[PDB]
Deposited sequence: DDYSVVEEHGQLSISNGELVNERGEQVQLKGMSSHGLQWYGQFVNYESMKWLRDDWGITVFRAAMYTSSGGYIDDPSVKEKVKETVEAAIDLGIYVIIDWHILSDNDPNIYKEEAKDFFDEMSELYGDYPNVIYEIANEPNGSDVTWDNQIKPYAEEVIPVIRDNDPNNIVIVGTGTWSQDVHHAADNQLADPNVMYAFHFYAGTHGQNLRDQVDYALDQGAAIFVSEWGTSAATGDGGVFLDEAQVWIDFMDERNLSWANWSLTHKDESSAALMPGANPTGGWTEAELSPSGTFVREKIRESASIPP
């Protein structure tokens, strides 16, 4: 199992590494909003993803608003089911506080704190857990220096009282594209990474240059969400492939958006796909077929 092979992850010299200090690259899938598409997230589907697609990380996207956790906190229990499954299956799991329409992470920060205190108390002694404390900060008035970093410096200590070394992923400005500003004003915690998110049908060479810059500043970057579609023509597999090779050349870890059979180009599944896995190439979307291939 990948967790038996690599164990406790850390950051060394801006790179994700295993418990012996060797470089590692995680690849896998993200759930869609747990409050909408939680049926595709369960032991059997994750096991199918582990065995059939070869995923080494699973991302649990728990929305805060839009009928998420703040609206109905019951969804917390689905996060727990997912982590427990990952522990059983021997894979890494991201716990994602999926802010979006609530565009400043400071809006529900007290609730964030309570939630991450609970999760790090429950699972902080396992190496499988990665915390993603603010999915996609956005808005021209939400900046690294003034909003996101101070939020981070409030949430990371609560986690660290329970879990001193698992990785924390911190979102960046403009729907997590602006890794360049975080890179100029990095966090003190040594086991943190900055999120970078793209859409293959929309994002180009300027973004790759910005990623390269952050890496040159010694910042570690996790591509915790990307799609094969345009941000807002179907799928763009040529541009997707350029992005896969870029990530591979820089050993970047990633999670593909979304494990769902939603009628959007980014969805991996066709309507009718069984929520407990075992999918044929029949039930995989053109997106799903390409990603499974990249991961295999």
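J.: Which ranges of the deposited chain go unmodelled, in order along the sequence?
T.: Model skips 1-3, 236-237, 302-308 of the deposited chain.
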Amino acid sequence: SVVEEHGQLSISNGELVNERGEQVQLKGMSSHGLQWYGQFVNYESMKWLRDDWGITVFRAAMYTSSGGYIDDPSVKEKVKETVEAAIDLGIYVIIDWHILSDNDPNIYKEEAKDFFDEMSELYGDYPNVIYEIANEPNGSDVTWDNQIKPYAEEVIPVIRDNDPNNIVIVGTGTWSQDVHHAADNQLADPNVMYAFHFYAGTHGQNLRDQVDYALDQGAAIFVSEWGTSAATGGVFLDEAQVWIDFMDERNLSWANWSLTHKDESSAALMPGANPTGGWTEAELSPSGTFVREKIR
From here on, numbers count along this sequence of modelled residues.
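J.: Of 186-194 and 89-97, which one has the bigger average CA B-factor?
T.: Result of the comparison: 186-194.
J.: Could you settle it for me: does 67-75 or 157-165 have the higher average Cα B factor in the PDB entry?
T.: The stretch with the larger average C-alpha B-factor is 67-75.
J.: Pick out which of 58, 53, 40, 43 has the highest C-alpha B-factor in the PDB entry.
T.: Comparing C-alpha B-factors across 58, 53, 40, 43, the top value belongs to 53.
J.: Between 152, 200, 223, 129, let me know which has the highest C-alpha B-factor in the entry?
T.: The record points to 200.
J.: How does the C-alpha B factor of residue 141 compare with the rest of the chain: lowest, middle or highest third?
T.: Highest third.
J.: For the chain shown, is the CA B-factor of residue 178 in the lowest, middle or highest third of its modelled residues?
T.: Highest third of the chain for residue 178's C-alpha B-factor.
J.: Check where residue 247 lands among this chain's C-alpha B-factors and tell me if it's the lowest, middle or highest third.
T.: For residue 247, the deposited C-alpha B-factor lands in the middle third.
J.: Residue 254: which third of its chain by C-alpha temperature factor?
T.: Tercile = lowest for this residue's CA B-factor.
J.: Could you look up the Cα B-factor of residue 27 in the entry and say which third of the chain it sits in: lowest, middle or highest?
T.: CA B-factor rank for residue 27: lowest third.
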